[PDB]
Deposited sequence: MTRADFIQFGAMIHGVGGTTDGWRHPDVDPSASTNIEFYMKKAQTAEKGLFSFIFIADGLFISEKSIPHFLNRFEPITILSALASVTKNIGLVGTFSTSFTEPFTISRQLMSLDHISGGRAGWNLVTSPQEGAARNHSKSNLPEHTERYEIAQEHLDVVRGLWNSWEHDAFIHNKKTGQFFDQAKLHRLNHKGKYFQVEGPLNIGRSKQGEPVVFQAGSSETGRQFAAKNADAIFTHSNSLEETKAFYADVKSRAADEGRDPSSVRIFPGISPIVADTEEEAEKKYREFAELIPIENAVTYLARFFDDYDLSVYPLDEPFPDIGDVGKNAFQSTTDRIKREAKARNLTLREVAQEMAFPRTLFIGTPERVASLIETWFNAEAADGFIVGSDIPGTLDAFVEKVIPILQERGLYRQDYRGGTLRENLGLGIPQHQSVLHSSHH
């Protein structure tokens, strides 16, 4: 593989699970704790991760997971992290369903300027029906319309980001000419979902414009991403389903005129790395055991895994399934390597809900990849595009 592998670090505060917070190692306030977020981001930056990633949602109930009940908004925390990090990209989830594209176009570009070219947007059409009810609507649009809207939203957002050319801001104190009037472009969009005259009140960043990520996994979703995205997040249920998605998407991107190396595909994994197989397994177990089994049985009570498993352990493994990427550094490194060479992945988003994981990944797994020529020895540069391998538009 000509290219290197890449990593992004998802920072999800107190984690993606109903009871993982109960572990002794976990700060149950992590989700609103600036320190937690800073240390993580600096660890990822130490491991030369290309970006940190913040996921997001806009609706809760009292049965939502603890993280979702009380956490940072994405652009605030990324902007804060911007000032205490040097090269790592800053990618954040924003819905096309609720915000005005001007508002968002601005906040992302502003981030991009603050950070000297490290912004990314995880564009998300947004699934929670109750979200509508937090934003003065009755209901979400139906799924297909959702993606129609997103196309228009993005197109406006990208239009605005091109309000100014890279060299518009001339700043001639002698002539009193601040900017070149020819290099300023009014969008004048009057579309179906949005009307936006422009121009945007901030110009081009050291990487041009932020990088687009996209999560979408449906037929519609893959097409959209294949068409519009610089990078795609996907799941990692298995090597083969992930090889499939990769194939399909890189194909559809060719069908849209695009060079497929221009689209980077990033499945999400949460490695549990330890010095021995039995330590890693301990850790898995401490966490899997945190759920009250009473809960766990029920959600089970709506595969063949008679592997000497008791009902309890099967109820537990449902609550908190075990990653393939468990165990020794070389095992984890090796899977990661195999997935890459198989063309299931161009890189991975690393979750690190369990305490120590992110730190252990960076410390033990990265050096191996570096040492086998699979991962760089230092940051390519200071923008998210340089580091990702993408060209400035």
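Peer 1: Need the unmodelled segments of the deposited chain, numbered from 1, in order.
Peer 2: The deposited sequence has unmodelled segments at 1 to 2, 305 to 340, 432 to 442.
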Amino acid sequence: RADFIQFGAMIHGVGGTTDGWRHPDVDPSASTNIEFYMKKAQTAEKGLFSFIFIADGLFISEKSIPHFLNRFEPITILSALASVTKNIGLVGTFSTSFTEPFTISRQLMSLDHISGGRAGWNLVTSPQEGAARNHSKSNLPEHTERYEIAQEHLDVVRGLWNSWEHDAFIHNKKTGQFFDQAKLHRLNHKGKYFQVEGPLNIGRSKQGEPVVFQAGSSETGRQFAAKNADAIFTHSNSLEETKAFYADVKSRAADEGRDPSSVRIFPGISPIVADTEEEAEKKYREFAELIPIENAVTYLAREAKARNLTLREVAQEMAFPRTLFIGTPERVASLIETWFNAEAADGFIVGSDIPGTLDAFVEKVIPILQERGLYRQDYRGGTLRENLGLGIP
From here on, numbers count along this sequence of modelled residues.
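Peer 1: Give yes or no for this: do at least a third of the other compared entries, each modelling residues before and after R302, lack coordinates for it?
Peer 2: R302: unmodelled in at least a third of the other compared entries.
Peer 1: Going by the B-factors listed in the PDB entry, is the mean over the C-alpha atoms higher for 173 to 181 or for 82 to 90?
Peer 2: Result of the comparison: 173 to 181.
Peer 1: Tell me which stretch has the larger mean Cα B-factor in this entry, 200 to 208 or 275 to 283.
Peer 2: Result: 275 to 283.
Peer 1: Which one of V156, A253, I75, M109 shows the top CA temperature factor in the record?
Peer 2: Largest recorded C-alpha B-factor: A253.
Peer 1: Kindly indicate the residue among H113, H135, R307, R71 with the greatest C-alpha B-factor in the PDB record.
Peer 2: Within the set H113, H135, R307, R71, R307 shows the top C-alpha B-factor.
Peer 1: Just say lowest, middle or highest third for the CA B-factor of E45 relative to the other modelled residues in its chain.
Peer 2: CA B-factor rank for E45: middle third.
Peer 1: Split the chain's modelled residues into thirds by Cα B-factor; is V350 in the lowest, middle or highest one?
Peer 2: Ranked within chain, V350 CA B lands in the middle tercile.
Peer 1: Which third of the chain does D359 land in by C-alpha B-factor: lowest, middle or highest?
Peer 2: Ranked within chain, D359 CA B lands in the highest tercile.
Peer 1: Consider only the C-alpha atoms of the modelled residues in this chain, order them by B-factor as the entry records it, and name the third containing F320: lowest, middle or highest.
Peer 2: Answer is highest: the recorded C-alpha B-factor places it there.
Peer 1: Ranking the modelled residues of this chain by C-alpha B-factor as given in the entry, is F194 in the lowest, middle or highest third?
Peer 2: Lowest third of the chain for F194's C-alpha B-factor.
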